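Pasting final.txt here (compact mmCIF, N, CA and C atoms (P, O5', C5', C4', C3', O3' and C1' of nucleotides)):
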```txt
# COMPACT_ATOMS: atom_id res chain seq x y z
N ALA A 167 0.86 -1.21 0.00
CA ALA A 167 0.00 0.00 0.00
C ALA A 167 0.89 1.25 0.00
N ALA A 168 1.92 1.28 0.85
CA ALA A 168 2.90 2.39 0.92
C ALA A 168 3.61 2.57 -0.42
N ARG A 169 3.88 1.48 -1.15
CA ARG A 169 4.59 1.52 -2.46
C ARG A 169 3.64 2.07 -3.53
N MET A 170 2.40 1.58 -3.56
CA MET A 170 1.30 2.04 -4.46
C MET A 170 1.13 3.56 -4.33
N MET A 171 1.06 4.07 -3.10
CA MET A 171 0.88 5.52 -2.81
C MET A 171 2.09 6.29 -3.33
N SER A 172 3.31 5.77 -3.11
CA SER A 172 4.59 6.42 -3.50
C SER A 172 4.67 6.56 -5.03
N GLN A 173 4.20 5.56 -5.78
CA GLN A 173 4.15 5.58 -7.27
C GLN A 173 3.09 6.58 -7.76
N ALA A 174 1.94 6.64 -7.08
CA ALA A 174 0.78 7.50 -7.44
C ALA A 174 1.14 8.99 -7.30
N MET A 175 1.83 9.39 -6.22
CA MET A 175 2.19 10.80 -5.93
C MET A 175 3.08 11.34 -7.06
N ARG A 176 4.15 10.60 -7.39
CA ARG A 176 5.10 10.88 -8.51
C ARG A 176 4.33 11.33 -9.77
N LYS A 177 3.35 10.52 -10.19
CA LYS A 177 2.55 10.71 -11.43
C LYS A 177 1.59 11.90 -11.30
N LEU A 178 0.87 12.00 -10.17
CA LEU A 178 -0.25 12.97 -9.97
C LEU A 178 0.27 14.41 -9.87
N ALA A 179 1.33 14.65 -9.09
CA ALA A 179 1.82 16.00 -8.70
C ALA A 179 1.99 16.89 -9.94
N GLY A 180 2.57 16.34 -11.01
CA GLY A 180 2.78 17.04 -12.30
C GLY A 180 1.46 17.36 -12.99
N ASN A 181 0.61 16.34 -13.17
CA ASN A 181 -0.71 16.45 -13.87
C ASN A 181 -1.60 17.48 -13.16
N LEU A 182 -1.73 17.40 -11.83
CA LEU A 182 -2.61 18.29 -11.01
C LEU A 182 -2.22 19.76 -11.22
N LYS A 183 -0.93 20.09 -11.17
CA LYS A 183 -0.39 21.46 -11.37
C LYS A 183 -0.74 21.97 -12.78
N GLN A 184 -0.69 21.09 -13.78
CA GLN A 184 -0.88 21.42 -15.21
C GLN A 184 -2.35 21.76 -15.49
N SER A 185 -3.30 21.06 -14.86
CA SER A 185 -4.77 21.25 -15.01
C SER A 185 -5.33 22.21 -13.95
N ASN A 186 -4.51 22.63 -12.98
CA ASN A 186 -4.89 23.52 -11.85
C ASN A 186 -6.02 22.87 -11.03
N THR A 187 -5.88 21.58 -10.72
CA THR A 187 -6.87 20.73 -10.00
C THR A 187 -6.40 20.50 -8.55
N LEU A 188 -7.24 20.81 -7.57
CA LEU A 188 -6.98 20.54 -6.13
C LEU A 188 -7.36 19.08 -5.82
N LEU A 189 -6.45 18.31 -5.22
CA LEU A 189 -6.72 16.92 -4.76
C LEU A 189 -6.70 16.86 -3.22
N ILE A 190 -7.80 16.45 -2.58
CA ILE A 190 -7.90 16.28 -1.10
C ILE A 190 -7.93 14.78 -0.75
N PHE A 191 -6.94 14.31 0.00
CA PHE A 191 -6.89 12.96 0.62
C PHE A 191 -7.37 13.05 2.07
N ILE A 192 -8.43 12.34 2.41
CA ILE A 192 -8.80 12.10 3.84
C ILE A 192 -7.98 10.90 4.31
N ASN A 193 -7.56 10.90 5.57
CA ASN A 193 -6.73 9.82 6.16
C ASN A 193 -7.18 9.58 7.60
N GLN A 194 -7.01 8.35 8.08
CA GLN A 194 -7.37 7.90 9.45
C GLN A 194 -6.10 7.86 10.30
N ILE A 195 -6.26 7.73 11.61
CA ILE A 195 -5.15 7.67 12.60
C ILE A 195 -4.95 6.21 13.05
N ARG A 196 -3.69 5.80 13.19
CA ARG A 196 -3.26 4.50 13.78
C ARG A 196 -2.24 4.77 14.89
N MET A 197 -2.11 3.83 15.83
CA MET A 197 -1.11 3.86 16.94
C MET A 197 0.14 3.10 16.50
N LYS A 198 1.32 3.61 16.82
CA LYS A 198 2.61 2.86 16.68
C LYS A 198 2.93 2.20 18.03
N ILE A 199 3.11 0.87 18.03
CA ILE A 199 3.37 0.05 19.26
C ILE A 199 4.84 0.22 19.67
N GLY A 200 5.13 0.04 20.96
CA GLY A 200 6.49 0.11 21.52
C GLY A 200 7.13 1.47 21.29
N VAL A 201 6.50 2.51 21.83
CA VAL A 201 6.95 3.94 21.73
C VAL A 201 6.92 4.54 23.14
N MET A 202 8.07 5.02 23.62
CA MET A 202 8.23 5.73 24.92
C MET A 202 8.30 7.24 24.65
N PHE A 203 9.11 7.64 23.66
CA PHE A 203 9.38 9.06 23.28
C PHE A 203 8.45 9.48 22.13
N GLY A 204 7.86 10.68 22.24
CA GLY A 204 7.07 11.33 21.17
C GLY A 204 5.60 10.97 21.24
N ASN A 205 4.85 11.27 20.17
CA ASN A 205 3.41 10.91 20.02
C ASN A 205 3.31 9.50 19.45
N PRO A 206 2.42 8.64 19.99
CA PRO A 206 2.19 7.31 19.41
C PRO A 206 1.33 7.34 18.13
N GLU A 207 0.68 8.47 17.82
CA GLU A 207 -0.26 8.61 16.67
C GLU A 207 0.53 8.66 15.37
N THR A 208 0.06 7.94 14.36
CA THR A 208 0.52 8.04 12.95
C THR A 208 -0.70 7.99 12.03
N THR A 209 -0.46 8.13 10.72
CA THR A 209 -1.45 8.01 9.63
C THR A 209 -1.11 6.79 8.77
N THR A 210 -2.03 6.38 7.90
CA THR A 210 -1.92 5.16 7.06
C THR A 210 -1.31 5.53 5.71
N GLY A 211 -0.81 4.52 4.99
CA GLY A 211 -0.40 4.62 3.57
C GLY A 211 1.03 5.09 3.37
N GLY A 212 1.84 5.12 4.43
CA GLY A 212 3.29 5.38 4.34
C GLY A 212 3.64 6.86 4.45
N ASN A 213 4.82 7.24 3.96
CA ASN A 213 5.47 8.55 4.22
C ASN A 213 5.43 9.47 2.99
N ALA A 214 5.15 8.97 1.79
CA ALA A 214 5.20 9.78 0.54
C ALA A 214 4.23 10.96 0.64
N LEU A 215 2.99 10.72 1.06
CA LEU A 215 1.92 11.75 1.12
C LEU A 215 2.35 12.94 2.00
N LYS A 216 2.99 12.68 3.15
CA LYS A 216 3.53 13.73 4.07
C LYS A 216 4.43 14.69 3.31
N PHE A 217 5.25 14.16 2.40
CA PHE A 217 6.26 14.94 1.62
C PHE A 217 5.56 15.79 0.55
N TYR A 218 4.68 15.18 -0.25
CA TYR A 218 4.08 15.79 -1.46
C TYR A 218 3.00 16.82 -1.09
N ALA A 219 2.25 16.61 0.01
CA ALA A 219 1.20 17.52 0.52
C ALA A 219 1.75 18.95 0.70
N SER A 220 0.99 19.96 0.24
CA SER A 220 1.29 21.41 0.42
C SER A 220 0.63 21.92 1.71
N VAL A 221 -0.49 21.31 2.10
CA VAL A 221 -1.20 21.60 3.38
C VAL A 221 -1.53 20.26 4.05
N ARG A 222 -1.35 20.17 5.36
CA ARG A 222 -1.80 19.02 6.19
C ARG A 222 -2.62 19.57 7.36
P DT M 1 20.51 0.46 -7.43
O5' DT M 1 19.81 -0.22 -6.16
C5' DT M 1 18.92 0.52 -5.30
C4' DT M 1 17.67 0.95 -6.04
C3' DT M 1 16.48 1.30 -5.15
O3' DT M 1 15.69 2.30 -5.82
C1' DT M 1 15.91 -0.55 -6.44
P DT M 2 14.31 2.83 -5.19
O5' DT M 2 13.27 1.67 -5.56
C5' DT M 2 11.86 1.90 -5.74
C4' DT M 2 11.06 1.16 -4.70
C3' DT M 2 11.30 1.64 -3.26
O3' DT M 2 10.06 2.03 -2.65
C1' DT M 2 11.37 -0.72 -3.37
P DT M 3 9.72 3.59 -2.42
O5' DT M 3 9.05 3.57 -0.98
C5' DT M 3 7.68 3.17 -0.81
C4' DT M 3 7.54 2.03 0.17
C3' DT M 3 8.02 2.29 1.59
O3' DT M 3 7.06 3.11 2.26
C1' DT M 3 8.43 0.02 0.90
P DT M 4 7.47 3.99 3.52
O5' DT M 4 7.78 2.88 4.63
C5' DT M 4 6.92 2.65 5.77
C4' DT M 4 5.80 1.71 5.42
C3' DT M 4 4.57 1.80 6.34
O3' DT M 4 3.38 1.47 5.60
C1' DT M 4 5.41 -0.36 6.43
P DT M 5 1.93 1.74 6.23
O5' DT M 5 1.77 0.59 7.34
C5' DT M 5 1.38 -0.75 6.98
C4' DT M 5 1.32 -1.66 8.18
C3' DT M 5 0.52 -1.15 9.39
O3' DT M 5 -0.72 -1.86 9.47
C1' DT M 5 2.52 -2.31 10.03
P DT M 6 -2.12 -1.09 9.64
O5' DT M 6 -2.17 -0.80 11.20
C5' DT M 6 -3.09 -1.48 12.06
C4' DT M 6 -2.44 -1.90 13.35
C3' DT M 6 -2.47 -0.86 14.46
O3' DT M 6 -3.81 -0.87 14.97
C1' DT M 6 -0.43 -2.14 14.47
P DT M 7 -4.27 0.21 16.00
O5' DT M 7 -3.42 -0.19 17.28
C5' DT M 7 -3.93 -0.24 18.60
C4' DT M 7 -3.58 -1.59 19.18
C3' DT M 7 -4.41 -2.00 20.40
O3' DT M 7 -4.61 -3.41 20.29
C1' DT M 7 -2.14 -2.00 20.97
P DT M 8 -5.83 -4.10 20.99
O5' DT M 8 -5.27 -4.38 22.46
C5' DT M 8 -4.38 -5.48 22.69
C4' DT M 8 -3.80 -5.49 24.08
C3' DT M 8 -4.78 -5.28 25.24
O3' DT M 8 -4.82 -6.51 25.96
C1' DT M 8 -2.68 -4.22 25.61
P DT M 9 -6.17 -7.33 26.16
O5' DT M 9 -6.77 -6.64 27.47
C5' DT M 9 -6.66 -7.26 28.73
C4' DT M 9 -6.05 -6.35 29.77
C3' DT M 9 -7.00 -5.43 30.53
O3' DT M 9 -7.74 -6.22 31.46
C1' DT M 9 -4.70 -4.71 30.47
P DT M 10 -9.03 -5.63 32.11
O5' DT M 10 -8.43 -4.60 33.15
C5' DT M 10 -8.73 -4.63 34.54
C4' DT M 10 -7.44 -4.81 35.31
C3' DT M 10 -7.67 -5.15 36.77
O3' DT M 10 -6.67 -6.09 37.15
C1' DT M 10 -6.39 -3.21 36.64
P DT M 11 -6.94 -7.09 38.33
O5' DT M 11 -6.49 -6.22 39.60
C5' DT M 11 -5.09 -6.04 39.84
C4' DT M 11 -4.80 -5.12 41.00
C3' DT M 11 -5.59 -5.33 42.30
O3' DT M 11 -4.59 -5.83 43.20
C1' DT M 11 -5.23 -3.01 41.77
P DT M 12 -4.87 -6.98 44.26
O5' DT M 12 -5.83 -6.23 45.28
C5' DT M 12 -5.55 -6.16 46.65
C4' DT M 12 -5.93 -4.81 47.21
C3' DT M 12 -7.30 -4.73 47.85
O3' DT M 12 -7.08 -5.38 49.10
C1' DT M 12 -6.49 -2.67 46.95
P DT M 13 -8.25 -5.85 49.95
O5' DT M 13 -8.86 -4.45 50.40
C5' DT M 13 -9.23 -4.12 51.74
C4' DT M 13 -8.31 -3.02 52.21
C3' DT M 13 -8.31 -2.83 53.72
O3' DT M 13 -7.02 -2.33 54.03
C1' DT M 13 -9.02 -0.84 52.73
P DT M 14 -6.42 -2.52 55.46
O5' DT M 14 -6.97 -1.24 56.24
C5' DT M 14 -6.14 -0.07 56.24
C4' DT M 14 -6.87 1.13 56.80
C3' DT M 14 -7.27 1.04 58.28
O3' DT M 14 -6.32 1.87 58.97
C1' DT M 14 -8.87 2.18 56.90
P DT M 15 -5.66 1.45 60.38
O5' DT M 15 -6.46 2.37 61.39
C5' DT M 15 -7.26 1.79 62.42
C4' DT M 15 -8.36 2.75 62.76
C3' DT M 15 -9.36 2.15 63.72
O3' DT M 15 -8.70 2.41 64.96
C1' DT M 15 -10.35 3.57 62.02
P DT M 16 -9.07 1.65 66.25
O5' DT M 16 -10.58 2.10 66.42
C5' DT M 16 -11.14 2.60 67.62
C4' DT M 16 -11.55 4.04 67.40
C3' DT M 16 -11.84 4.79 68.69
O3' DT M 16 -11.34 6.11 68.52
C1' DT M 16 -13.75 4.85 67.33
P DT M 17 -11.01 6.99 69.77
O5' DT M 17 -12.45 7.52 70.21
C5' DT M 17 -12.90 8.76 69.66
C4' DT M 17 -14.33 9.04 70.00
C3' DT M 17 -14.62 9.25 71.49
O3' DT M 17 -14.87 10.65 71.59
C1' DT M 17 -16.34 8.03 70.34
P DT M 18 -14.12 11.58 72.68
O5' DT M 18 -14.76 11.06 74.03
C5' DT M 18 -15.49 11.94 74.85
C4' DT M 18 -16.84 11.37 75.22
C3' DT M 18 -16.92 10.67 76.56
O3' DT M 18 -16.92 11.75 77.52
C1' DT M 18 -18.52 9.91 74.92
P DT M 19 -16.62 11.49 79.05
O5' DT M 19 -17.94 10.75 79.52
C5' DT M 19 -18.75 11.21 80.59
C4' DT M 19 -20.17 11.39 80.10
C3' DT M 19 -21.06 12.07 81.12
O3' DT M 19 -21.98 12.93 80.45
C1' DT M 19 -21.97 10.01 80.63
P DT M 20 -22.43 14.30 81.13
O5' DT M 20 -24.00 14.12 81.26
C5' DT M 20 -24.48 12.90 81.81
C4' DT M 20 -25.98 12.91 81.83
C3' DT M 20 -26.55 13.55 83.09
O3' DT M 20 -27.68 14.31 82.65
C1' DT M 20 -26.92 11.15 83.10
P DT M 21 -28.26 15.51 83.53
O5' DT M 21 -28.75 14.74 84.82
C5' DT M 21 -29.07 15.39 86.04
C4' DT M 21 -29.91 14.43 86.84
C3' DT M 21 -29.62 14.37 88.33
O3' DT M 21 -30.54 15.28 88.95
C1' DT M 21 -29.70 12.15 87.39
P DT M 22 -30.12 16.16 90.18
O5' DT M 22 -30.07 15.09 91.36
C5' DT M 22 -31.04 15.03 92.43
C4' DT M 22 -32.07 13.97 92.14
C3' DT M 22 -33.29 14.02 93.06
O3' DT M 22 -34.47 13.69 92.32
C1' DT M 22 -32.34 11.91 93.20
P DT M 23 -35.89 14.02 92.93
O5' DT M 23 -36.14 12.80 93.93
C5' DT M 23 -36.72 11.56 93.47
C4' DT M 23 -37.08 10.69 94.65
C3' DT M 23 -37.83 11.41 95.79
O3' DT M 23 -39.00 10.67 96.13
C1' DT M 23 -35.97 10.22 96.65
P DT M 24 -40.40 11.41 96.40
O5' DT M 24 -40.37 11.65 97.97
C5' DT M 24 -41.39 11.11 98.84
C4' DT M 24 -40.79 10.59 100.12
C3' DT M 24 -40.74 11.60 101.26
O3' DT M 24 -42.04 11.69 101.83
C1' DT M 24 -38.78 10.20 101.22
P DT M 25 -42.48 12.97 102.68
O5' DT M 25 -41.77 12.72 104.08
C5' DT M 25 -42.50 12.43 105.30
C4' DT M 25 -42.17 11.03 105.77
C3' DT M 25 -42.89 10.58 107.05
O3' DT M 25 -43.27 9.21 106.93
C1' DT M 25 -40.57 10.40 107.36
P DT M 26 -44.52 8.62 107.76
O5' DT M 26 -43.86 8.13 109.12
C5' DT M 26 -42.81 7.14 109.12
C4' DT M 26 -42.50 6.61 110.51
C3' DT M 26 -43.49 6.94 111.63
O3' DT M 26 -43.78 5.76 112.40
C1' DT M 26 -41.30 7.64 112.24
P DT M 27 -45.24 5.51 113.05
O5' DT M 27 -45.08 6.14 114.51
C5' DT M 27 -46.06 5.89 115.55
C4' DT M 27 -45.48 6.25 116.90
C3' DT M 27 -46.17 7.40 117.63
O3' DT M 27 -47.17 6.92 118.53
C1' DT M 27 -43.79 7.77 117.55
```

Would you write out, as structure tokens, the structure that this file holds?
Amino acid sequence: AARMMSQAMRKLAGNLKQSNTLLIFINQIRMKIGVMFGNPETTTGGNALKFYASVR
DNA sequence: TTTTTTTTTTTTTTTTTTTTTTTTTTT
């Protein structure tokens, strides 16, 4: 799923800018197990979306 | 090269405090 999302962002980012189209992804929260330091909260679908997003 | 994923489950009692009020003559 993380790989699928990483391939999709690469392709979309160029096309969206060219057509002046806004894309909104809704995402859910998950817990990371075995965490002492920081927030245990994360999101689904890997790390690519965090990078490519202009607003979160 | 290429990329994360997702919570689990309650445990166990502690200690006493303080007195109120008279009643009735017998030859």

task = Find the residues in chain M near chain A: any atom within 7 Å counts, using all atoms listed in the file. Write them as number ranges by chain.
result = M: 2-7

query = DSSP on the backbone: what in region 169-210 of chain A comes out strand (DSSP E or B), as a ChimeraX atom specification?
reply = /A:195-197,207-209

ask   = In Å, with one decimal, what is the gap from atom C of residue 194 (chain A) to atom C of residue 216 (chain A)?
value = 14.4 Å

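For chain A, backbone-based DSSP assignment of helix (DSSP H, G or I) covers residues 168, 169, 170, 171, 172, 173, 174, 175, 176, 177, 178, 179, 180, 181, 182, 183, 184, 185, 214, 215, 216, 217 and 218 of chain A.
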
Atomic distance CA of residue 179 (chain A) - atom N of residue 220 (chain A), expressed in Å with one decimal = 9.8 Å

request  = Please measure the separation of atom C of residue 219 (chain A) and atom N of residue 207 (chain A), giving the value in Å to one decimal.
outcome  = 20.1 Å

Please complete region 179-195 of chain A so it has N, CA, C and O atoms, and hand it over as a PDB file, in the frame of the given file.
```pdb
ATOM      1  N   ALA A 179       1.330  14.650  -9.090  1.00  0.00           N
ATOM      2  CA  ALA A 179       1.820  16.000  -8.700  1.00  0.00           C
ATOM      3  C   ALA A 179       1.990  16.890  -9.940  1.00  0.00           C
ATOM      4  O   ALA A 179       1.589  18.074  -9.869  1.00  0.00           O
ATOM      5  N   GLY A 180       2.570  16.340 -11.010  1.00  0.00           N
ATOM      6  CA  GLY A 180       2.780  17.040 -12.300  1.00  0.00           C
ATOM      7  C   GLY A 180       1.460  17.360 -12.990  1.00  0.00           C
ATOM      8  O   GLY A 180       1.253  18.539 -13.324  1.00  0.00           O
ATOM      9  N   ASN A 181       0.610  16.340 -13.170  1.00  0.00           N
ATOM     10  CA  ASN A 181      -0.710  16.450 -13.870  1.00  0.00           C
ATOM     11  C   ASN A 181      -1.600  17.480 -13.160  1.00  0.00           C
ATOM     12  O   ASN A 181      -2.146  18.343 -13.875  1.00  0.00           O
ATOM     13  N   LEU A 182      -1.730  17.400 -11.830  1.00  0.00           N
ATOM     14  CA  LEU A 182      -2.610  18.290 -11.010  1.00  0.00           C
ATOM     15  C   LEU A 182      -2.220  19.760 -11.220  1.00  0.00           C
ATOM     16  O   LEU A 182      -3.143  20.576 -11.410  1.00  0.00           O
ATOM     17  N   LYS A 183      -0.930  20.090 -11.170  1.00  0.00           N
ATOM     18  CA  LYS A 183      -0.390  21.460 -11.370  1.00  0.00           C
ATOM     19  C   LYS A 183      -0.740  21.970 -12.780  1.00  0.00           C
ATOM     20  O   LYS A 183      -1.033  23.178 -12.918  1.00  0.00           O
ATOM     21  N   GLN A 184      -0.690  21.090 -13.780  1.00  0.00           N
ATOM     22  CA  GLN A 184      -0.880  21.420 -15.210  1.00  0.00           C
ATOM     23  C   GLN A 184      -2.350  21.760 -15.490  1.00  0.00           C
ATOM     24  O   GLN A 184      -2.589  22.697 -16.278  1.00  0.00           O
ATOM     25  N   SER A 185      -3.300  21.060 -14.860  1.00  0.00           N
ATOM     26  CA  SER A 185      -4.770  21.250 -15.010  1.00  0.00           C
ATOM     27  C   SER A 185      -5.330  22.210 -13.950  1.00  0.00           C
ATOM     28  O   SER A 185      -6.537  22.527 -14.034  1.00  0.00           O
ATOM     29  N   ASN A 186      -4.510  22.630 -12.980  1.00  0.00           N
ATOM     30  CA  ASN A 186      -4.890  23.520 -11.850  1.00  0.00           C
ATOM     31  C   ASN A 186      -6.020  22.870 -11.030  1.00  0.00           C
ATOM     32  O   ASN A 186      -6.980  23.576 -10.674  1.00  0.00           O
ATOM     33  N   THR A 187      -5.880  21.580 -10.720  1.00  0.00           N
ATOM     34  CA  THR A 187      -6.870  20.730 -10.000  1.00  0.00           C
ATOM     35  C   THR A 187      -6.400  20.500  -8.550  1.00  0.00           C
ATOM     36  O   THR A 187      -5.258  20.038  -8.375  1.00  0.00           O
ATOM     37  N   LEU A 188      -7.240  20.810  -7.570  1.00  0.00           N
ATOM     38  CA  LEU A 188      -6.980  20.540  -6.130  1.00  0.00           C
ATOM     39  C   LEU A 188      -7.360  19.080  -5.820  1.00  0.00           C
ATOM     40  O   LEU A 188      -8.510  18.705  -6.121  1.00  0.00           O
ATOM     41  N   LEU A 189      -6.450  18.310  -5.220  1.00  0.00           N
ATOM     42  CA  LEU A 189      -6.720  16.920  -4.760  1.00  0.00           C
ATOM     43  C   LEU A 189      -6.700  16.860  -3.220  1.00  0.00           C
ATOM     44  O   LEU A 189      -5.664  17.217  -2.636  1.00  0.00           O
ATOM     45  N   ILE A 190      -7.800  16.450  -2.580  1.00  0.00           N
ATOM     46  CA  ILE A 190      -7.900  16.280  -1.100  1.00  0.00           C
ATOM     47  C   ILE A 190      -7.930  14.780  -0.750  1.00  0.00           C
ATOM     48  O   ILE A 190      -8.888  14.089  -1.167  1.00  0.00           O
ATOM     49  N   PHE A 191      -6.940  14.310   0.000  1.00  0.00           N
ATOM     50  CA  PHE A 191      -6.890  12.960   0.620  1.00  0.00           C
ATOM     51  C   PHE A 191      -7.370  13.050   2.070  1.00  0.00           C
ATOM     52  O   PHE A 191      -6.759  13.789   2.861  1.00  0.00           O
ATOM     53  N   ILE A 192      -8.430  12.340   2.410  1.00  0.00           N
ATOM     54  CA  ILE A 192      -8.800  12.100   3.840  1.00  0.00           C
ATOM     55  C   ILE A 192      -7.980  10.900   4.310  1.00  0.00           C
ATOM     56  O   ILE A 192      -7.698  10.030   3.472  1.00  0.00           O
ATOM     57  N   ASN A 193      -7.560  10.900   5.570  1.00  0.00           N
ATOM     58  CA  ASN A 193      -6.730   9.820   6.160  1.00  0.00           C
ATOM     59  C   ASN A 193      -7.180   9.580   7.600  1.00  0.00           C
ATOM     60  O   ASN A 193      -7.716  10.507   8.226  1.00  0.00           O
ATOM     61  N   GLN A 194      -7.010   8.350   8.080  1.00  0.00           N
ATOM     62  CA  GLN A 194      -7.370   7.900   9.450  1.00  0.00           C
ATOM     63  C   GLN A 194      -6.100   7.860  10.300  1.00  0.00           C
ATOM     64  O   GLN A 194      -4.995   7.936   9.732  1.00  0.00           O
ATOM     65  N   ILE A 195      -6.260   7.730  11.610  1.00  0.00           N
ATOM     66  CA  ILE A 195      -5.150   7.670  12.600  1.00  0.00           C
ATOM     67  C   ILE A 195      -4.950   6.210  13.050  1.00  0.00           C
ATOM     68  O   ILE A 195      -5.951   5.491  13.244  1.00  0.00           O
TER      69      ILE A 195
END
```
